[PDB]
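*Asks:* Mind having a look at this structure? Questions to follow.
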Amino acid sequence: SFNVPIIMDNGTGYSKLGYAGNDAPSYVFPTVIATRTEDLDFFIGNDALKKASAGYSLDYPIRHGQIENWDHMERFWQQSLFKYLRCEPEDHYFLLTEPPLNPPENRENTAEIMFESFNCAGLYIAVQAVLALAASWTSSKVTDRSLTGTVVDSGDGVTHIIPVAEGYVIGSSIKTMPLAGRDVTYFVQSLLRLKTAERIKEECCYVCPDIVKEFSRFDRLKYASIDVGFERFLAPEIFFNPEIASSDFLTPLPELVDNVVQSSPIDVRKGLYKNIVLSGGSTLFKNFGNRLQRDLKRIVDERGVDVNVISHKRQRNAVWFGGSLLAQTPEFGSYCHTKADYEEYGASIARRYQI
Amino acid sequence: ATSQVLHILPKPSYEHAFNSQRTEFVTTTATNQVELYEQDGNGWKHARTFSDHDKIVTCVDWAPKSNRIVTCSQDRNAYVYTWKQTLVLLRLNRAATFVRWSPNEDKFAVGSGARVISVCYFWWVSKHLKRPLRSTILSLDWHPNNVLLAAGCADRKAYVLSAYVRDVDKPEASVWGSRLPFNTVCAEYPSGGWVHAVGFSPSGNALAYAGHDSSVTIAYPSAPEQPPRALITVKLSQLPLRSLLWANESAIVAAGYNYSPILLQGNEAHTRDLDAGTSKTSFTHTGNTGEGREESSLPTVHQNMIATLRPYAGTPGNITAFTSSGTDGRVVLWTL
Amino acid sequence: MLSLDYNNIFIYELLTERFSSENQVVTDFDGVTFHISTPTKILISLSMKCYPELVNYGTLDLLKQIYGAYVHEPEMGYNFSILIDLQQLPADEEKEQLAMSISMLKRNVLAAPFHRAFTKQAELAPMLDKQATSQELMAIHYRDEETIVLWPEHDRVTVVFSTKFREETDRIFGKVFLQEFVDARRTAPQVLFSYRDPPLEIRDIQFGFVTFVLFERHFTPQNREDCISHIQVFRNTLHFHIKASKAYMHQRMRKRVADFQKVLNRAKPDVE
Amino acid sequence: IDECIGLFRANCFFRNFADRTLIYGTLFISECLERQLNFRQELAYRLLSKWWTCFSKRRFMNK
Amino acid sequence: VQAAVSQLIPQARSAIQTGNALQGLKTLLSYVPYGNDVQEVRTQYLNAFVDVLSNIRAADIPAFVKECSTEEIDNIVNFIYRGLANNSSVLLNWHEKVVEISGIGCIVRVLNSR
Amino acid sequence: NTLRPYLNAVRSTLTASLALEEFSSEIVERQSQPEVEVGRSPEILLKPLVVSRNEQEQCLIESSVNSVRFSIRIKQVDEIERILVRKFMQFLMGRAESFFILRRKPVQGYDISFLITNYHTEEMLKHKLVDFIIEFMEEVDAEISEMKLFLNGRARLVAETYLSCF
Ligand SMILES: Nc1ncnc2c1ncn2[C@@H]1O[C@H](COP(=O)(O)OP(=O)(O)OP(=O)(O)O)[C@@H](O)[C@H]1O
């Protein structure tokens with residue numbers, strides 16, 4: 001029975017959950033679980049964060065991107081399906097998200113839970129990076145479905161650059177940058193001499209063409225919240241100049257993408273440059289799209305080949321939206337696995353997945 | 001009576017083999033490798049490791065005077081031996097299981113699944129003793145005349161036959177026969193359940209075998225193609241033993257799926273074992289004092305199965321010390 | 001999660017905060033769908049497959065009472081709609097009462113049959129209540145193959161739940177729960193189940209059959225409203241706890257292989 | 001001249017660099033934090049002509 | 001037929017009725033029916049063997065098995081194991097004694113016997 | 001009451017019936033498979049034993065030179081218990097790659113089966129593995145008991161809760 005399939009993206013800190021066909025996730029809260037007839041006693045997400053008084057036994061079930069808390073994460077999916085989403089799991093197909101290079105073992109368990117204990121009619125275990133490309137198909141400057149490109153996800157952890165070739169991840173190349181939303185929120189605090197400035201980051205900042213230039217433009221300064229200035233363009237600069245704050249990192253985001261691309265098989269290299277997608281809240285910055293392209297065009301041309309980066313309206317929750325955009329379309333049911341299949345062909349039938 | 005652990009080897013070792021003066025020994029890493037160890041300090045250390053081979057190495061033997069070693073494997077062939085090696089193509093089509101040299105290192109026999117013992121004259125020749133054998137040959141031993149070969153297979157039968165080449169030693173008048181060319185059956189002498197180990201006496205005119213029956217059998221032949229003078233089987237009350245050797249013509253050592261070696265003593269059951277219980281009192285430092293020390297698991301030197309017992313030291317036809325290879329890795333010098 | 005929630009938490013949480021600062025289809029249990037829309041001033045729509053079945057029992061009325069003013073022409077593809085205007089919302093504690101009320105949308109559309117059955121089990125005041133067990137028997141077809149039938153008598157309001165067990169494990173587990181329902185000593189509502197064959201009130205276009213017998217006390221004016229927002233959630237409270245139990249076995253089983261796999265990996269020898 | 005003084009409000013964050021006029025000059029812009037400067041004079045008697053009080057804790061080239 | 005084992009069973013059956021049951025075991029524990037096709041002969045034998053063991057007082061077991069021959073032990077264990085299949089748990093208690101006092105080898109030999 | 005002499009006879013058997021050498025075939029080109037699973041060489045197979053306790057519980061032991069096939073028939077008395085095992089057993093078997101001594105499917109008319117190769121009675125110690133199988137037989141019965149006194153536990157707590165709200 002194929003009705004509105006449930007979309008759930010479980011994150012390293014925050015879990016995005018809702019229904020397909022919808023514009024945006026219905027809930028987004030912290031992927032937490034507070035513990036202490038003693039398994040029914042708990043509370044997930046926002047509940048737990050409030051119940052930290054009586055027994056703050058909260059333990060985030062996802063470490064680094066993968067589930068490392070099994071029986072907590074089961075207890076998390078339980079309450080997320082009956083408390084928040086309110087959906088008899090036996091009536092819906094389910095689309096879930098995994099990080100690049102998530103070991104088949106972790107898929108084989110996610111299956112065991114959704115089926116042999118919740119009875120989910122159908123299940124799908126889409127790789128996150130690819131869902132982010134799926135979300136790029138929404139905006140104007142594309143008009144061509146292709147699951148081949150480079151995903152730049154930047155949340156509040158690490159900034160990932162992930163190459164995707166014909167549906168699958170070229171994992172050998174997935175290079176990261178140790179700077180994200182936390183780090184600009186932090187750097188804009190040091191310039192303000194903490195949520196007191198995280199707002200400042202979100203509603204004043206923008207990526208600019210050149211620091212040396214825009215600082216002279218400033219001599220002709222939005223003041224609210226109290227005096228905001230230099231930080232507006234200086235803060236989001238760190239992605240393109242790591243040494244403004246973190247003197248450990250050296251290679252900037254533009255050059256770092258190039259590496260990823262140049263360090264992949266030559267026959268895919270043409271496509272990865274042509275389809276660069278932006279993902280996560282910290283790529284939401286104004287002109288973050290351009291100063292990634294413009295800087296990369298001048299970095300690639302120094303070695304006639306083109307390059308392109310797509311900045312779409314629904315960037316911040318691309319994983320989820322990409323899931324929704326994918327799971328809504330006709331052929332979806334086909335690529336899922338039915339609970340009644342998991343029983344006829346074993347768990348081995350739920351180790352892989354199509355596109 | 002006194003048991004000293006020489007080294008506890010990393011992987012399960014199925015057949016120890018020491019050199020002439022017992023300063024070097026080889027084992028089996030139950031894989032394509034064969035280990036070689038030299039004496040460093042009080043213990044032992046790694047030396048060579050012989051990689052050449054495809055499948056899993058079975059039995060190994062070290063020739064005393066020649067110093068050359070031979071490694072048969074589930075490769076269907078053997079190898080003769082910093083070290084230069086010679087690949088010996090044994091014609092048999094089913095995995096080789098057992099290999100022992102020759103009292104004078106003249107030739108060597110090789111057990112197999114192909115119901116054939118490969119004997120090797122010397123470009124290396126390989127004459128195939130292939131007749132009254134039915135099952136996979138689990139063990140073999142040479143008569144002190146490099147002609148008569150005892151072999152015990154998995155068809156509950158222990159066979160004694162001739163393996164005389166034209167470039168071998170004829171043997172004299174023996175209790176086994178007079179006319180013994182090649183594939184000459186001297187003994188059907190059998191009854192057990194897989195003859196795990198065969199063994200001629202030091203005097204040569206007697207043959208003892210042990211089976212998975214948890215039995216040992218000293219058997220004295222009578223005459224060429226006649227009856228048997230007396231065939232004495234002894235049934236034990238312990239997990240069956242898989243390797244024996246004659247301490248003398250009147251007492252035989254054997255160990256196996258037990259852990260300890262038992263001591264049988266034939267003539268016409270149990271002279272002892274090998275424990276660390278009884279240790280009463282002496283009269284050396286003071287008066288009423290003196291046990292023994294020099295510092296939850298089975299209370300034995302070994303802790304898995306025994307593999308083989310090979311002689312280590314002794315006089316003319318008498319044995320004073322033997323070594324034990326273990327599935328647990330332990331390699332022990334038992335100074336009887 | 002010990003007892004299920006009666007209202008749609010989304011709608012509630014969605015609204016309670018949309019009743020704050022400045023200026024999308026949801027699922028619910030039992031094949032229900034909700035549509036919180038904005039064609040500024042929010043819309044909201046319910047759609048039960050069985051809805052028009054409940055129109056006869058007086059749902060279309062009870063609703064025009066609760067959401068009186070907020071009622072609007074039902075959205076195309078849906079059965080019933082309210083429309084809260086976020087600029088002309090209620091006065092300050094009542095603002096967070098409309099919330100629950102609107103989030104109770106499903107509770108309410110499915111509570112008319114019960115009300116107009118507690119009313120007959122009062123009007124019935126020398127013992128032909130048989131012409132009621134026959135004549136005045138309401139039946140909801142809320143799920144796919146599962147239904148609720150209820151019927152008043154002079155002293156009781158028997159409510160019967162039909163339930164299908166999708167599996168072969170939930171069935172056995174079901175019996176273990178249901179049996180413990182049928183036995184309650186040292187009071188309250190009495191339960192009565194007989195999984196094989198239904199009570200002699202069949203022929204209602206209708207596997208397991210659970211019968212609650214709501215006695216006079218369990219729907220007094222002082223509490224009758226809670227009784228409904230409770231009795232109607234039975235199947236789900238049962239099937240949920242079967243799934244919870246179905247999972248505590250999982251914990252108490254994955255823990256067990258780890259034991260064995262630790263005892264096996266300890267059985268391997270060492271360097272020592 | 002007018003280069004490193006305009007570059008100052010940005011270059012001073014970075015920590016790695018005929019160049020020596022900027023290196024041994026943009027640092028002199030920082031050490032220059034009523035005229036009390038007493039040809040280095042010019043590279044300061046111009047910087048004189050509040051959003052420059054912040055860069056006081058930004059050591060150019062970390063030196 | 002060569003089922004004169006059918007003349008060995010009546011002795012043991014009576015040796016139960018009288019009192020001295022162990023005497024009957026010492027009787028039927030000689031010349032047992034080797035593996036065949038005709039199990040119907042062996043079944044009636046086994047039936048007797050387990051009936052015998054069922055009424056031998058526990059205190060008398062260690063004394064019998066200690067006196068018993070190694071052929072007899074290997075044989076008695078051999079029937080115990082064939083007895084465990086459908087006969088009581090008394091068999092299991094015999095197995096405990098005839099192993100602890102006559103070694104593990106008995107089972108090893110039972111593992112062979114064709 | 002009779003759970004002690006039963007496991008005794010099982011251990012005493014296994015200790016003997018689980019003493020295996022490395023054995024290469026006489027059929028397949030230089031191979032080595034559990035000779036008890038093929039059974040195509042009577043020379044190498046031993047005599048199979050079963051160890052009962054009652055009509056309910058028992059276990060058979062099929063032994064060969066290089067391998068043994070141990071199969072258990074677990075205590076089931078009703079409905080709830082009959083499934084409670086059939087899902088513990090149906091679970092364990094779905095983990096037979098990590099639980100290397102299990103059979104993918106058990107022997108016909110038995111609940112679970114172990115395939116112990118000579119490869120196992122070398123990787124771990126002769127007895128440490130015997131001692132384990134006994135501990136397994138003890139613990140499964142133990143869990144099935146605990147899982148039962150915890151579905152009955154919840155049933156009460158659930159049915160009592162729902163009823164009290166009225
Ligand atoms: N419009 C915006 N401009 C600049 N920064 C933003 C904007 N929106 C959100 N951010 C920043 O993005 C950071 C993380 O937001 P995001 O939604 O990417 O988290 P996330 O996707 O949950 O991360 P993860 O998936 O790694 O858990 C926050 O620190 C936030 O300040």
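As shown in the structure tokens, the chain order sets the letters A, B, ...; within each chain, residues go from 1, and ligands are also counted from 1 in the order they appear.
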Would you list the contacts of range 264-280 of chain A as a PyMOL selection string, taking every protein, DNA or RNA residue within 8 Å and counting only C-alpha atoms, but skipping same-chain residues closer than 6 positions in sequence?
*Replies:* chain A and resi 132-133+136+148-155+163-165+170+172-173+289+305-312+315-319
*Asks:* If you keep N, CA and C atoms, can you produce a file of those selected residues as a compact mmCIF listing (two decimals), in the first residue's frame?
*Replies:*
# COMPACT_ATOMS: atom_id res chain seq x y z
N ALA A 132 21.09 15.24 -2.03
CA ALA A 132 21.42 16.66 -2.15
C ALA A 132 21.46 17.13 -3.60
N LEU A 133 21.91 16.25 -4.50
CA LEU A 133 21.85 16.50 -5.94
C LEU A 133 20.40 16.47 -6.41
N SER A 136 18.78 19.69 -6.20
CA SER A 136 19.25 20.71 -7.15
C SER A 136 18.33 20.80 -8.36
N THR A 148 25.09 13.13 -10.98
CA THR A 148 26.54 13.19 -11.17
C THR A 148 27.01 14.62 -10.91
N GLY A 149 27.70 14.81 -9.79
CA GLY A 149 28.23 16.12 -9.43
C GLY A 149 29.03 16.12 -8.15
N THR A 150 29.31 17.31 -7.62
CA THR A 150 29.98 17.44 -6.33
C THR A 150 29.10 18.15 -5.32
N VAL A 151 28.91 17.50 -4.18
CA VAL A 151 28.09 18.03 -3.10
C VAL A 151 28.96 18.74 -2.07
N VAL A 152 28.63 20.01 -1.83
CA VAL A 152 29.27 20.77 -0.76
C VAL A 152 28.27 20.94 0.38
N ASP A 153 28.34 20.05 1.37
CA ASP A 153 27.51 20.13 2.57
C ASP A 153 28.29 20.85 3.65
N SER A 154 27.69 21.91 4.20
CA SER A 154 28.30 22.63 5.32
C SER A 154 27.26 22.98 6.38
N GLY A 155 27.20 22.14 7.42
CA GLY A 155 26.31 22.36 8.54
C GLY A 155 27.01 23.14 9.64
N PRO A 163 32.21 13.88 -4.26
CA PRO A 163 31.95 13.64 -5.67
C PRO A 163 30.98 12.48 -5.89
N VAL A 164 30.03 12.67 -6.80
CA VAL A 164 29.04 11.66 -7.13
C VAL A 164 29.07 11.36 -8.63
N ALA A 165 29.27 10.09 -8.97
CA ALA A 165 29.36 9.65 -10.35
C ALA A 165 28.27 8.63 -10.68
N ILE A 170 32.13 8.47 -5.34
CA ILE A 170 33.54 8.14 -5.53
C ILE A 170 34.28 8.38 -4.22
N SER A 172 36.74 7.35 -2.52
CA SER A 172 38.19 7.52 -2.51
C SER A 172 38.62 9.00 -2.44
N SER A 173 37.70 9.91 -2.75
CA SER A 173 38.02 11.34 -2.88
C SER A 173 37.38 12.27 -1.84
N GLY A 289 27.42 30.97 -3.58
CA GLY A 289 27.41 30.26 -4.86
C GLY A 289 28.44 30.81 -5.82
N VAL A 305 37.54 24.43 -20.86
CA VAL A 305 36.64 23.74 -19.93
C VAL A 305 35.84 24.71 -19.05
N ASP A 306 34.57 24.38 -18.82
CA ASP A 306 33.68 25.20 -17.99
C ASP A 306 33.53 24.65 -16.58
N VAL A 307 32.74 25.35 -15.77
CA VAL A 307 32.45 24.97 -14.38
C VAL A 307 31.12 25.62 -13.97
N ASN A 308 30.38 24.96 -13.09
CA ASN A 308 29.08 25.47 -12.63
C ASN A 308 28.65 25.03 -11.24
N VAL A 309 28.16 25.99 -10.46
CA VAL A 309 27.63 25.72 -9.13
C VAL A 309 26.17 26.18 -9.03
N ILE A 310 25.31 25.31 -8.53
CA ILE A 310 23.89 25.60 -8.44
C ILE A 310 23.51 25.98 -7.01
N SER A 311 22.92 27.16 -6.87
CA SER A 311 22.38 27.63 -5.60
C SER A 311 20.85 27.67 -5.66
N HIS A 312 20.20 26.69 -5.05
CA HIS A 312 18.74 26.64 -5.08
C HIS A 312 18.08 27.11 -3.79
N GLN A 315 18.21 25.04 -0.06
CA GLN A 315 19.56 24.55 0.21
C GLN A 315 19.73 23.89 1.57
N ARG A 316 19.20 24.52 2.62
CA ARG A 316 19.51 24.14 4.00
C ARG A 316 19.12 22.71 4.36
N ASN A 317 18.01 22.24 3.78
CA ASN A 317 17.53 20.89 4.02
C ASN A 317 17.50 20.07 2.74
N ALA A 318 18.56 20.17 1.95
CA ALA A 318 18.63 19.52 0.65
C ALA A 318 18.50 18.00 0.75
N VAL A 319 19.17 17.41 1.74
CA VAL A 319 19.07 15.96 1.98
C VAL A 319 17.61 15.54 2.00
*Asks:* Please, which residues have at least one atom within 8 Å of an atom of ligand 1, using only C-alpha atoms and all ligand atoms, listed as a ChimeraX atom specification?
*Replies:* /A:11-16,153-158,180-185,198-199,201-203,205-206,236,279-286,316-317
*Asks:* Can you tell me which residues surround residue 67 in chain B at a distance of at most 7 Å, considering only C-alpha atoms, apart from same-chain residues fewer than 4 positions away, and format the answer as a list in words?
*Replies:*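 In the requested form, the answer reads residues 19, 62 and 63 of chain B.
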*Asks:* Up to 12 Å from chain F, what residues of chain A turn up? Count only C-alpha atoms and give them as an MDAnalysis selection string.
*Replies:* chainID A and resid 37:40 105 108:109 112 116:117 342:343 345:348
*Asks:* Residues of chain B within 9 Å of chain C, counting only C-alpha atoms - could you list those as a PyMOL selection string?
*Replies:* chain B and resi 8-10+328
*Asks:* Distance CA of residue 236 in chain C-CA of residue 12 in chain C, one decimal place?
*Replies:*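 Pair CA of residue 236 in chain C / CA of residue 12 in chain C returns 20.2 Å.
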*Asks:* Could you tell me, as JSON, numbers by chain, which residues of range 88-165 of chain C DSSP assigns to strand (DSSP E or B) when given the backbone?
*Replies:* {"C": [138, 139, 140, 148, 149, 150, 151, 152, 156, 157, 158, 159, 160, 161, 162, 163]}
*Asks:* Please list as a VMD selection string every residue within 6 Å of range 196-198 of chain B, counting only C-alpha atoms and excluding residues in the same chain fewer than 2 positions away.
*Replies:* chain B and resid 138 to 140 152 194 208 to 211 242 to 243
*Asks:* Find the spatial neighbours of residue 106 in chain F, counting only C-alpha atoms, within a cut-off of 9 Å - ignore same-chain residues fewer than 4 positions away - and output them as a ChimeraX atom specification.
*Replies:* /F:71-72,93,102,110-114
*Asks:* Give me, as number ranges by chain, the contact residues of chain F against chain B at a cut-off of 10 Å, counting only C-alpha atoms.
*Replies:* F: 15-17, 19-32, 41-44, 46, 65, 119, 121-128
*Asks:* If the cut-off is 10 Å, can you tell me the residues of chain D near chain A, counting only C-alpha atoms? I'd like them as a list in words.
*Replies:*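 Contact residues on the first chain: residues 6, 7, 8, 9, 10, 11, 12, 13, 14, 15, 16, 51, 54 and 55 of chain D.
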*Asks:* With a cut-off of 10 Å and counting only C-alpha atoms, select all residues of chain F in contact with chain E and give the selection as a PyMOL selection string.
*Replies:* chain F and resi 2+5-10+12-17+19+45-56+58-60+62-64
*Asks:* Quick one: pick out all helix (DSSP H, G or I) residues within range 2-33 of chain D from a backbone DSSP run and write them as a short mmCIF file (atom, residue, chain, number, x, y, z; two decimals) with N, CA and C atoms, in the first residue's frame.
*Replies:*
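Written output follows (out_38.cif):
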data_model
loop_
_atom_site.label_atom_id
_atom_site.label_comp_id
_atom_site.auth_asym_id
_atom_site.auth_seq_id
_atom_site.Cartn_x
_atom_site.Cartn_y
_atom_site.Cartn_z
N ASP D 2 50.08 54.31 -0.09
CA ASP D 2 48.64 54.27 0.16
C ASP D 2 48.13 52.85 -0.01
N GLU D 3 49.04 51.93 -0.33
CA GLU D 3 48.71 50.53 -0.56
C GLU D 3 48.53 49.78 0.76
N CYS D 4 49.61 49.66 1.54
CA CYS D 4 49.59 48.86 2.78
C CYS D 4 48.68 49.44 3.88
N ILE D 5 48.43 50.75 3.80
CA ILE D 5 47.50 51.44 4.70
C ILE D 5 46.04 51.09 4.39
N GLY D 6 45.75 50.87 3.11
CA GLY D 6 44.43 50.41 2.67
C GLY D 6 44.31 48.91 2.83
N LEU D 7 45.44 48.22 2.67
CA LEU D 7 45.51 46.77 2.85
C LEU D 7 45.45 46.35 4.32
N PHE D 8 45.79 47.28 5.22
CA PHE D 8 45.89 46.98 6.66
C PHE D 8 44.63 46.36 7.28
N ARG D 9 43.48 46.97 7.01
CA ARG D 9 42.20 46.52 7.59
C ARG D 9 41.77 45.13 7.11
N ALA D 10 42.71 44.39 6.53
CA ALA D 10 42.45 43.05 5.99
C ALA D 10 43.69 42.16 6.05
N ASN D 11 44.83 42.70 5.62
CA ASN D 11 46.09 41.94 5.58
C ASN D 11 46.51 41.45 6.96
N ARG D 20 59.46 43.95 0.98
CA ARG D 20 59.78 44.33 2.37
C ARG D 20 59.30 45.72 2.80
N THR D 21 58.85 46.51 1.83
CA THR D 21 58.23 47.80 2.10
C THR D 21 56.86 47.60 2.75
N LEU D 22 56.12 46.60 2.27
CA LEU D 22 54.85 46.22 2.86
C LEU D 22 55.05 45.50 4.20
N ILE D 23 55.95 44.52 4.23
CA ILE D 23 56.24 43.76 5.45
C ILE D 23 56.78 44.67 6.56
N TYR D 24 57.83 45.43 6.26
CA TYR D 24 58.43 46.37 7.23
C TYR D 24 57.73 47.74 7.20
N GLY D 25 56.46 47.74 6.81
CA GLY D 25 55.65 48.95 6.70
C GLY D 25 54.23 48.79 7.21
N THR D 26 53.58 47.69 6.85
CA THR D 26 52.23 47.38 7.33
C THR D 26 52.23 47.01 8.81
N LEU D 27 53.39 46.56 9.29
CA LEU D 27 53.62 46.30 10.72
C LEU D 27 53.84 47.63 11.44
N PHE D 28 54.43 48.59 10.72
CA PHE D 28 54.61 49.94 11.24
C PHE D 28 53.29 50.70 11.30
N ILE D 29 52.30 50.24 10.53
CA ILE D 29 50.95 50.79 10.60
C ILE D 29 50.29 50.37 11.91
N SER D 30 50.61 49.16 12.36
CA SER D 30 50.04 48.60 13.58
C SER D 30 50.71 49.18 14.83
#
*Asks:* Counting only C-alpha atoms, which residue out of E:98, E:12, E:1, E:38 sits closest to chain B?
*Replies:*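 Ranking E:98, E:12, E:1, E:38 by distance to chain B, first place goes to E:98.
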*Asks:* Please report as an MDAnalysis selection string which residues of chain F come no farther than 10 Å from chain C, using only C-alpha atoms.
*Replies:* chainID F and resid 79:84 87:88 91:92 95 98:101 120:129 131:133 135:136 139:140 143:144 146:148 150:166
*Asks:* Compare A:334, A:119, A:97, A:259 by their minimum atom-to-atom distance to chain C, counting only C-alpha atoms, and give me the closest one.
*Replies:*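 Smallest separation from chain C among the options: A:119.
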